[PDB]
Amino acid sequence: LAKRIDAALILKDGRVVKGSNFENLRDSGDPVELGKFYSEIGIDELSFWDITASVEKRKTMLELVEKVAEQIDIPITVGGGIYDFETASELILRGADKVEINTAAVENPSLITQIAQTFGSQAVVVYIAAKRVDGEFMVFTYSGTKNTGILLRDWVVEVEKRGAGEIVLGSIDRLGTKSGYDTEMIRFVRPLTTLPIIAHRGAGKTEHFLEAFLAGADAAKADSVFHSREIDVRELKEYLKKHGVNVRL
């Protein structure tokens, strides 16, 4: 029940895409060091999202998960182009606490059930990328480019039914913006599911996290707004505690 503050790291070839601004780090593009630093200053969970599109993708993610598991103690999620049970299984066995699937879940929802059947629902995260299209929230796959024709309200119900443990709700209408999380979309989904809802996309300032939790989010995920140091994780948690939000300090 404590509200969660999650940091996500976008990776290509084992490197943090666009780096960070933590001058104090030995390598500002090293996902292991950046992740360990975040765990020290009080991030609650970490996401490693791989956009590597090469024949080396699978082998790279597994070696990264090995290193991260040794040095980092907080929950680790890994995602990005995980397409089948075998890939998911190896990542979990190598040390990932949770695997995140999106396009493969939409195309083959049985995959949700296969993963949860062996590892439990707690190990399955479904990232849902959604966007308003002609007055309706619709689900998008392939890095947000494919309108599947599936309604968000239908897919949320099916994801829980299939056995996912939590849903990351990413508003494509907030991609790259700094104007706030999509609280209308969070409020839309909240009554439809009892699963943990993770808000993603749009965070630009500390008050946006308060808004997301008042909307019913169980966690808030951000990336560049942390890496750029626009928002300090410690200052964010003290702000949220100050204003009545249950965060782990």
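Position 1 is the first residue in the sequence shown; the rest follow in order.
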Practice task
Read off the CA B-factors in the entry, average them over 86 to 94 and over 110 to 118, and name the higher stretch.
Solution key: 86 to 94
Practice task
Please work out which of 5 to 13 and 18 to 26 has the higher mean CA B-factor as recorded in the PDB entry.
Solution key: 18 to 26
Practice task
Specify which of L46, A217, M185, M61 carries the largest Cα B factor in the deposited PDB entry.
Solution key: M61
Problem - Peak C-alpha temperature factor (PDB record), options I197, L34, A222, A212 - result: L34
Completion exercise
Chain thirds by Cα B factor, record data; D73 belongs to the highest
Exercise for the section: Among all modelled residues of this chain, ranked by Cα B factor, put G42 in the bottom, middle or top third, i.e. lowest, middle or highest. Expected result: highest
Problem - Third of the chain, ranked by Cα B-factor, where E160 sits - result: lowest
Exercise for the section: Name the third of the chain's ranked CA B-factors that contains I128, choosing lowest, middle or highest. Expected result: lowest
Practice task
Name the third of the chain's ranked CA B-factors that contains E136, choosing lowest, middle or highest.
Solution key: highest
